[PDB]
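>>> compute the structure for the input listed below.
(chains A, B, C, D and E, ligands or ions: 3)
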Amino acid sequence: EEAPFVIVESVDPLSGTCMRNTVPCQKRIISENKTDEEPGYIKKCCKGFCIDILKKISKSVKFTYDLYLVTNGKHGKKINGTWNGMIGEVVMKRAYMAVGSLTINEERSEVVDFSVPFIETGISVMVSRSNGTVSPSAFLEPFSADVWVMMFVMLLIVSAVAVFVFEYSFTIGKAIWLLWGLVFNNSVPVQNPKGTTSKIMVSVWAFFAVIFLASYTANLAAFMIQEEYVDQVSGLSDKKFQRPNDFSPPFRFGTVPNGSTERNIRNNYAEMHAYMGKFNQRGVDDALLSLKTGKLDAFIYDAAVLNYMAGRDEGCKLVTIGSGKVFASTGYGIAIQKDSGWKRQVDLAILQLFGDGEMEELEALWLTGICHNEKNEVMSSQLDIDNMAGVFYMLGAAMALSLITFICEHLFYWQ
Amino acid sequence: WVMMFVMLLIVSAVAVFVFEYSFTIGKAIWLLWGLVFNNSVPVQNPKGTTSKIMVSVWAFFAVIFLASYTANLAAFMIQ
Amino acid sequence: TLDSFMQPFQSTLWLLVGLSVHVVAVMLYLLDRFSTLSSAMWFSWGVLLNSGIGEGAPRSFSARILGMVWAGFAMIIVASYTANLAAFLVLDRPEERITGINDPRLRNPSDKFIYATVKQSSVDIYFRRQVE
Amino acid sequence: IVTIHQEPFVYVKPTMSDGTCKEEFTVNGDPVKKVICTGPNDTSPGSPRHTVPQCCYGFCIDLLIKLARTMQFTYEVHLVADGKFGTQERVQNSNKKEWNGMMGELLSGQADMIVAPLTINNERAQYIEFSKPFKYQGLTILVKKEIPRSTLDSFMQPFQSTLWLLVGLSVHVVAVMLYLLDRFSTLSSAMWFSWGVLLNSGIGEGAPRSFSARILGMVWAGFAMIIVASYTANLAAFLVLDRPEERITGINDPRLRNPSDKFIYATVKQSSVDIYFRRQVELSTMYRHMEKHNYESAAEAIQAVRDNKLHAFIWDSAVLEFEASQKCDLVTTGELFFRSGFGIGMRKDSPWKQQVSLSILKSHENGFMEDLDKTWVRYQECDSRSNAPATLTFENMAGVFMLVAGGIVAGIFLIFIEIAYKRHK
Amino acid sequence: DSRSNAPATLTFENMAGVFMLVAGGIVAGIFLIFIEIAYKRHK
Ligand SMILES: *[C@@H]1O[C@H](CO)[C@@H](O[C@@H]2O[C@H](CO)[C@@H](O)[C@H](O)[C@H]2NC(C)=O)[C@H](O)[C@H]1NC(C)=O
Ligand SMILES: *[C@@H]1O[C@H](CO)[C@@H](O)[C@H](O)[C@H]1NC(C)=O
Ligand SMILES: C[C@]12C[C@@H]3C[C@](C)(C1)C[C@@](N)(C3)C2
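Residues are numbered from 1 along each chain as shown, chains lettered A, B, ... in the order given. Ligands and ions are numbered 1, 2, ... in the order given. Below, you will see the structure:
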């Protein structure tokens, strides 16, 4: 039993059995080790995705079946060179066939024989969604250096020609100071000349300055309305994973053990496993619950169930990195005892569903969610210091330039 | 807007009380009105020292208010 | 509509800009001393709030450049403030909207979601008769 | 080996006189493995169809090299004669049915391994037993997108010519009204008192003493502020709204669901997409329109789409996406359907089946396939979304820059007029 | 009302937040004037 593929639920107490569109799945219960009673069994009935696909294949091939849940063990890890769980049971000829979530790799394929995959998945990660937007230097986004230097040179030229007009106590510093103060919302208080043509020129400059400012605010606001949300971690080769201890208090991320994900990550990267050695978690539900309370920063598991779980949780506060980039993409399958004639038959029968298109409707019915991955990007708010540090950096640079220029001028006038 | 008008009235009365301890009620209302719309119109300064503190908060109010009006307006037009 | 002065900004920004105003006033006083003491703060505050108050611009050159950049800062601050206010003002989450009969909310009901109709009506006949 | 080049899995280029082609260094300069192919020259039938030697390279050849080195066998590749994937077709009105294309090449003695973009379906799984796929994919649709509106002029965009005139008349009208009020109970000063407050700039010290005139000015200041705010809001609202596009949703689009005389689309001849469309009974209504307009190969179809002759193209998702991000005049849209990966084809009796099927998973698990994907697929190019928030270019600056100079020359002319006026008095 | 986007005009929730500040400034004005005259007369 596994949540998005095979679901088990109690039978109807009044009728004595459960609803239709389902098949019974007998369940074995454990007993006291002192004296085991006669093997007890409890009638349960299982419904889901793989169960329905099995029901379709069985009618297509016209054979009967009787399925039962596994007593002990997950999908299976090797101990003492011997298997447990479903993959262990299929070897001992008691089951002869398996169905459900079972990732395909080389170790399991070296024991039993598989069928062509009918779903795509792999290794993926998810992180909580940070509130705000990545806008480091948004004030530089509007305009470009070309217009910034062009307006400098234009104001220099107009100030020079204004001084030339004044030739035929308007000084040179006051002339440029007036225009520079006036271009920025007429904030600075200055003194004005007594020349009519100079008045016309400064009125034209004021027209230009006003047109400027409104465009700049609208361009910046528009731009903000269109902001892109980018995940913090680029991928599995990011420095935030390989070098975990040097950035900040170390991240809180872990994997569920006794799984194919741990086996895949062990051989590729051992030090990561050494770090995981203390941050394991009980199960999918516990990890999903703990993600929201800040106890964990990242989570690694099979992408097939995470993609479903993202769109089913209340709200859309949980996302996945990038475009759902799967790592080491493999597919689920149907385990079959080695060297059996039914393998080719069932493999050819399952491919028949590709052409008919029934599986597409089936999976749209059984797997469609609510949330979207199309960059919702709700809003940035509160304008944290990190969002606008560059302006204060420029202010500090201007202060340093002012002090060094004052020292240089004092030295020049000292001699 | 009636709250705006009564605010101008009460601030003008407070300014007169300040001046008790060529500023007149004719130019005080002119200044209070002008600072609302970006202080475009030239005006006569208040010589009193505390009058500057009295009007600085009014200018702060005016700029906050003004910005909000533009901003809100953009949204309204966009929808 | 939240708090007018707290919706787009945190307090830390207010304290930081106030400290910047004070330190730039001190710097203006230092430049004036090296080459009015009570007028630097008035100049800074008038530039910050676009007030009609004003006594006199500094006479030094580097003081003029510093005043220019200080005047430049406030325009960026106020423009960002408006822009942030708007975005906030126009984007509202569309959550909790059932599309209809094909919504996966209804096709796979959960315990936290409850819905029902009036017994012995056309709805009961329509639902019971269909076999899917 | 028998293999074709679609877009990215095999590249075909002529060799030099020496009998090979000079190596092309990678981005880091690493060598690019190649191999001497023996394939037909040209494409169109009726040419001097005599074989020539040439060199090949791509995302698939290096995988073949790795497979050969791991399993220790030699090879000698050669391309296909007809350049078609191949499917069943009854010929000569006889009882027996025989394939053509790669199907015939592998099924009768000609080849041993098909290492190419081969799709897995029921028909080809009957006569060939495949291997585990190395790259999943699907089917998408290719369309063309239209350039949106420009940034326009500084003044023309948010205001049409009809205004400006009325505000220019009204400012002088109110100036005249103020002058008349002053005269009844300084005429030049009123013009500045009006123009400066409109322009948000301080000029002069115009302080009228009339009660009514002061009221009128106090009223007009708000009008000026409203005009400025309305202009800003107009430009901001226009600068963010985008023109909606068609962006055909997919196989459920009504345009694809029934034939139209202003919407033509096609697919390459005799391939798996044709089998998928023909096999199903309900999809005949558009297959019937498709069968009269099919083309020869994808190397010709994508060239025709740019030249405005096809409104759609149904083909592989991977190949289309690779050529969707390389040339940004074309955009891919829709959702994947008929999801089935590729594979390596074998006859039904060979240990190479098992050995290759194990080795391909071995190489797939340890990230080598991701390295190949980064090397040959994900270099990417111009892909500037669809809304594309546009930084305003010279378009805005040119007009204002020209005005500044026009104002300067008008100012010097008015200066000459000023000396004239001074002489006149 | 109708529609979905619902662009709503602002109300007194915005007004009172700044009316409190302006009223506080006005009421503190007299105290600051008293402090100012005391400091001017004492020195
Ligand atoms: C992973 O598998 C190991 C297999 O040894 C589990 O360890 C045993 O779990 C059972 C379950 O109750 C305990 O009774 C044993 O005492 C455990 N053995 C040891 C040596 O600790 C482990 O619990 C499994 N973990 C998960 C998350 O399934
Ligand atoms: C493996 O088997 C040996 C005996 O054959 C036993 O002592 C050991 O505990 C086993 N290991 C595990 C992990 O059960
Ligand atoms: C250009 C503008 C746009 C909006 C914010 C500013 C600060 C700048 C004040 C204004 N009146 C409204 C004019």
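>>> tell me the buried residues in stretch A:248-268?
If you call a residue buried by 16 or more other C-beta atoms under 10 Å in any protein chain shown, then stretch A:248-268 has these buried ones: A:251, A:253-256, A:259-265. C-beta here means a position set from N, CA and C on the backbone, and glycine is covered the same way.
>>> hang on, residue A:108 packs against residue A:87?
Yes - between residue A:108 and residue A:87 there is a contact under C-beta atoms under 8 Å: 5.8 Å.
>>> and for these two, which residues touch both?
Common contact partners of residue A:108 and residue A:87 (C-beta atoms under 8 Å, 6 or more residues apart in numbering or on different chains): A:76, A:102, A:335.
>>> can you name the element that comes right after the longest helix seen in chain C?
Counting by DSSP state H, the longest helix found in chain C is helix C:61-90. Toward the C-terminus, helix C:61-90 is succeeded by helix C:104-107 as the next helix or strand (DSSP states H and E).
>>> chain neighbours aside, what residue packs nearest to the residue in chain C that chain E sits nearest to?
Per C-beta to the nearest C-beta, the residue of chain C with the smallest distance to chain E is residue C:4, at 4.4 Å. With sequence-adjacent residues excluded and distances taken as C-beta to C-beta, 6 or more residues apart in numbering or on different chains, residue C:4 is closest to residue E:17, at 4.4 Å.
>>> look up how far residue C:109 lies from the one you found.
The gap separating residue E:17 from residue C:109 is 45 Å, by C-beta to C-beta, to the nearest Å.
>>> do the same with residue A:322
Residue A:322 sits at a distance of 33 Å from residue C:109 (criterion: C-beta to C-beta).
>>> same thing with residue A:188?
Applying C-beta to C-beta, the value for residue A:188 to residue C:109 is 67 Å.
>>> ditto for residue A:170
According to C-beta to C-beta, residue A:170 and residue C:109 sit 82 Å apart.
>>> between those two, which has more neighbouring residues?
Legend: neighbour count by other C-beta atoms under 10 Å in any protein chain shown for residue A:170 and residue C:109, higher for residue A:170 (17 against 10).
>>> how about the residue lying closest to the more buried one once chain neighbours are set aside, phi and psi?
Once flanking residues are discounted, residue A:170 sits nearest to residue A:193: 5.1 Å by C-beta to C-beta, 6+ apart. Dihedral pair for residue A:193: phi -80, psi -170, per degrees, to the nearest 10.
>>> residue A:171 is in contact with residue A:193, correct?
No - the pair residue A:193 / residue A:171 is not scored as a contact, 10.7 Å apart, by C-beta under 8 Å.
>>> which one of the two has more residues nearby?
Remark: of residue A:193 and residue A:171, residue A:193 carries more neighbours, 19 against 10, as counted by other C-beta under 10 Å.
>>> dump the residue contacts of that one.
Neighbour list for residue A:193: A:166, A:170, A:199 [criterion: C-beta under 8 Å, 6+ apart].
>>> also residue A:125?
Contacts for residue A:125 (C-beta under 8 Å, 6+ apart) come out as A:233, A:236, A:253, A:298-300, A:320-321.
>>> hmm, try it at 10 Å
Residues near residue A:125 by C-beta atoms under 10 Å, 6 or more residues apart in numbering or on different chains: A:231, A:233, A:235-236, A:241, A:253, A:255, A:298-301, A:303, A:306, A:320-322, A:325, A:327.
>>> make a ChimeraX selection of the buried ones in those residues.
To isolate the buried ones among the contacts of residue A:125 in ChimeraX, judged by 16+ other C-beta under 10 Å, type:
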select /A:231,233,236,241,253,255,298,299,300,301,303,306,320,321,325,327
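>>> out of the contacts of residue A:125, which are inside strands?
Among those, DSSP state E puts A:253, A:255, A:298-301, A:320, A:327 in strands.
>>> which one among these gets closest to chain B?
Closest approach to chain B among those (C-beta to the nearest C-beta): residue A:320, at 31.7 Å.
>>> ok, and the closest non-adjacent residue to that closest one?
Distances taken as C-beta to C-beta, 6+ apart put residue A:126 closest to residue A:320, at 4.7 Å, once the chain neighbours are dropped.
>>> just to check, the one you found is in contact with residue A:321?
Yes - in this structure, residue A:126 is within contact of residue A:321 by C-beta atoms under 10 Å, at 7.3 Å.
>>> overlap of the contact sets of those two?
Counting by C-beta under 10 Å, 6+ apart, the common neighbours of residue A:126 and residue A:321 are A:231, A:298.
>>> and residue A:216, how close does it get to ligand 1?
58 Å (C-beta to the nearest ligand atom, to the nearest Å).
>>> which helices and strands does the helix or strand containing that residue pack with?
In the assignment (DSSP H and E), residue A:216 maps to helix A:196-225. Applying 3 or more C-beta pairs under 10 Å, 6 or more residues apart in numbering or on different chains; DSSP states H and E, one finds that helix A:196-225 makes contact with helix A:145-167, helix A:172-183, helix B:49-78, helix C:61-90, helix D:187-198, helix D:211-238, helix D:394-424.
>>> any bit of the fifth one sitting next to ligand 3?
No - figure legend: helix D:187-198 not in contact with ligand 3 (C-beta under 6 Å from any ligand atom); closest approach 13.2 Å.
>>> now do that helix against helix D:165-184, angle only.
Between the axes of helix D:187-198 and helix D:165-184, defined by axes from the mean of the first three to the mean of the last three C-alpha atoms, to 10 degrees, the angle is 140 degrees.
>>> please apply the same query to the second one.
Between helix A:172-183 and helix D:165-184, the angle formed by their directions is 110 degrees, by the same axes, to 10 degrees.
>>> is helix A:172-183 anywhere near chain C?
Yes - judged by C-beta under 10 Å from any C-beta of the partner chain, helix A:172-183 comes into contact with chain C at A:173-174, A:176-177, A:180-181, A:183.
>>> one more: the first one?
No - judged by C-beta under 10 Å from any C-beta, helix A:145-167 makes no contact with chain C; its nearest approach is 11.8 Å.
>>> and that helix, what does it pack against?
For helix A:145-167, the packing partners by 3+ C-beta pairs under 10 Å, 6+ apart come out as helix A:172-183, helix A:196-225, helix D:394-424.
>>> now do the contacts for the closest residue to residue A:192 other than its chain neighbours.
Spatially, and ignoring its direct neighbours in sequence, residue A:192 is nearest to residue D:203 (6.2 Å; C-beta to C-beta, 6+ apart). The neighbours of residue D:203, taking C-beta under 10 Å, 6+ apart as the test, are A:192-193, A:199-200, A:202-203, A:206, B:42, D:192-193, D:195-197.
>>> perfect, I'm done here.
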